[PDB]
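In structure tokens, the next block holds one chain alone, the form deposited without the named molecule.
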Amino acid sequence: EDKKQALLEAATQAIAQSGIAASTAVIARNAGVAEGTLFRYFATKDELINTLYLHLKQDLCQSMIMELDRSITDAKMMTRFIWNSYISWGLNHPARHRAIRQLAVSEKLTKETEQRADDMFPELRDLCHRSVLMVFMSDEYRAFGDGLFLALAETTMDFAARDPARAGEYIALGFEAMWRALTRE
């Protein structure tokens, strides 16, 4: 919390605006702390990237879990709920979505981080191993798979945010498109 949280938040805004390349100087100033302070909460830049990824994924997951209907079991309806909740989170927090999009496809995420991320929402993780095309689960292309998901979700968000009355239609269409692209027949 407080000072570490201020840094996380400053990092979110800087990464969302300037991409994964954002400098700790900007981050630190924006947080209201000297850069030497930043480097005692987060040893390296990569550690910040990993910590911030986990922090954003936790915040995303928090929103999904509160309204998750654990009755439903078929892969298509569950993926649907995750998608709708992702869309809602991103429309609520455009910067957090933009940061997480840069972070997710970053080759800087460690194996431990991904592991940790997947088990914040165990059922969601179970769904991916069973539903997502194997390719988009391979340690080689999982990032690409994530990137395509996030790209289709961002377009959906963009159309829904500018036309709230038809948001429901955009969101449904985006989902069917996403489902066809990334899951198995």
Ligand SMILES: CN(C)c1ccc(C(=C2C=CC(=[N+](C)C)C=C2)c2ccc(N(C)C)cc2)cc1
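Note that the rigid core is defined as the largest set of C-alphas that superpose within 1.5 Å between two forms. For every residue, the number given is its place in the sequence shown, counted from 1.
A second form of this protein, the form deposited with the named molecule bound, is not displayed here; the remarks below concern that form.
Item to complete: Would you say the site is open or blocked once the named molecule, modelled from its placement in the deposited complex, is overlaid by superposing the surrounding C-alphas? Use blocked for 3 or more ligand atoms within 2.4 Å of a backbone or C-beta atom.
Response: The pocket is open.
Discussion item. Residue-level contact is defined here as any heavy atom of the residue lying within 4.5 Å of the named molecule in the deposited complex; does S85 satisfy this criterion?
Written reply: Because a heavy atom of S85 falls inside 4.5 Å of the named molecule in the deposited complex, the answer is yes.
Worksheet item: Would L182 count as a contact of the named molecule in the deposited complex, using a 4.5 angstroms cut-off between non-hydrogen atoms?
Response: Yes, contact at 4.5 Å.
Discussion item. So in the deposited complex, is the named molecule close enough to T113 to count as touching (4.5 Å, heavy atoms)?
Written reply: So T113 does not count as contacting the named molecule.
Worksheet item: Is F42 close enough to the named molecule in the deposited complex to count, meaning some heavy atom within 4.5 Å?
Response: Looking in the deposited complex, residue contacts with the named molecule do not include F42, since no heavy atom lies within 4.5 Å.
Discussion item. I have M64, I100 and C128 flagged as a candidate spot, so tell me whether each of them has a non-hydrogen atom within 4.5 Å of the named molecule in the deposited complex.
Written reply: So, yes: the whole triplet contacts the named molecule.
Item to complete: Please pick, from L152, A160, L124, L38, the one residue with any non-hydrogen atom lying within 4.5 angstroms of the named molecule in the deposited complex.
Response: Checking each option against the named molecule in the deposited complex, the one that comes within 4.5 Å is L124.
Practice prompt. Using a superposition on the rigid core, decide whether the Cα position of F39 changes by 2 angstroms or more between the shown form and the other one.
Written response: Superposed on the core, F39 moves its C-alpha less than 2 Å between the shown form and the other one.
Practice prompt. Align both forms on the core first, then report whether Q58 has a C-alpha shift of 2 Å or more between the shown form and the other one.
Written response: No.
Worksheet item: Quick one: core overlaid, is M137 moving 2 Å or more at the Cα between the shown form and the other one?
Response: After core superposition, the displacement of the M137 C-alpha between the shown form and the other one reaches the 2 Å mark, so yes.
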